[PDB]
């Protein structure tokens, strides 16, 4: 069948998404023919507590960002009178289907990954500025939109398990007397969450970088659930992935990106610390947000100088800040090349290149994979 509102119309066979509590359909405005995604809650859904039901509406009401799938309106279904959500339609689908593309079997292209990095981060920041916590971030609900400039824009959606956090202050005054409180209640209301998203993002970022999941059972994630729980909960600090090659074999843990990572070493080495800190179940040790945004911004504010090592026959991306000196450039070159700065001899556009030790990165000549700054070691 079909359903509608006074402004929109959709067919139930036009499913875009299915979940425990709701479906999302592709609909059209009755007068313009403009496309929208309509989220409609199911009967099961109405058995949850009313205040829980109210959460998503309240969360989406708070958000308006380029990296959050846009809420256009809340309308009433003509027959049921049930409130539905009218949202931005993203005909390209999600980071899920992108990752299904073969060309992306060992990770997104470096530029597209950086896009993912920028947009997911921008979305998180927005959730954080609004006291929101999503709790179920996955490639499947990070939607892709081809922007004005032909470039992808990513946008978060599916805030079904989301909720607003509050500072404790409103709760505490709430209990007058403490003599009857449970220890936990006491701890919470007398003496004195969000990091769950950071974990999901960490895993999402891992998947985008490698085409693989960081933690997986030998049998695969869906089938071995016991194993999975031990892996993520028994994870050595600093580790980024743990895999089981054995039927009931031990977990091979790693602190670095796998060898087939689609990203340059330049970026791998920046990305790793970020993952290691967010993929920390112990809330004590996981990064807080202000640090997460700061470290990722530090990745995104860098420019790239393309280097090619002629002695090693390898290509390199140097992630440097526009204000960084040449001294620093050479140091970043050594970090990947293992050619001491003293022995680094450069060549640009067929002629030898010499850099004042105090020149600035934004005044280096323009480089490209096709036209890089060559390095060689001169003993």
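Positions refer to the first chain, counted from 1.
Per the record, residue 245 and residue 246 are directly connected, as no deposited residue between them is missing from the model.
The mean Cα B-factor in the deposited entry runs higher for 251-259 than for the other of 204-212 and 251-259. Taking the mean C-alpha B-factor of each stretch as recorded, 299-307 and 219-227 are not equal, and the higher mean is that of 219-227. Within the group 51, 34, 58, 349, the record's highest C-alpha temperature factor is found at 349. Ranking 314, 341, 42, 67 by the C-alpha B-factor listed in the PDB entry places 341 at the top. Annotation for residue 235: CA B-factor lies in the highest third of the chain's modelled residues.
Residue 102 sits in the middle third of its chain by CA B factor, as recorded in the PDB entry. Among all modelled residues in this chain, the alpha-carbon of residue 172 has a temperature factor (C-alpha) in the highest third. Annotation for residue 274: CA B-factor lies in the middle third of the chain's modelled residues.
Among all modelled residues in this chain, the alpha-carbon of residue 12 has a temperature factor (C-alpha) in the middle third.
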